[PDB]
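Comments concern the structure below.
Chains as they are written, first to last, in my numbering: chain A, 14 to 71; chain B, 14 to 62.
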């Protein structure tokens, strides 16, 4: 059996807005196993900082 | 006139592929747009897609 390795990645960058990763090559359902993965992880499994409570005073 | 005739019998299997018009019995036509891998198939609680 022969496996293939992910290579060539185009880091398309625009300041702080977006970066678009273009990686080749993938197979039958590999753009899925990869894409879907990042999504759920970047949503409910990614550490970060944000306000939780704000007591004005009165 | 044609004293000797030779009729050949070839054999060619033609399978099912994206683009073939398929339907049913109750009058529901259609054409397979893209036969996708069983890995994109929505499965129930069981696991059978």
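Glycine included, each C-beta is placed from N, C-alpha and C at the ideal position.
query = Between 46/B, 26/B, 21/B, which lies nearest to residue 35/B when the distance is taken from Cα to Cα?
reply = 46/B
query = List, in order along the chain, the chain A residues whose C-beta lies closer than 8 angstroms to that of residue 50/B?
reply = 41, 42
query = Are at least three pairs of beta-carbons, each pair with one atom in the stretch 45-64 of chain A and one in the stretch 16-31 of chain B, less than 8 angstroms apart?
reply = no
query = Starting from residue 46/A and walking both ways along the alpha helix (DSSP H), at which residues does that stretch end?
reply = 43-57
ask   = DSSP state of residue 24/A, grouped into three classes?
value = strand
message = Would residue 55/A and residue 36/A qualify as a contact pair, given that the criterion is a beta-carbon distance under 8 angstroms?
response = no
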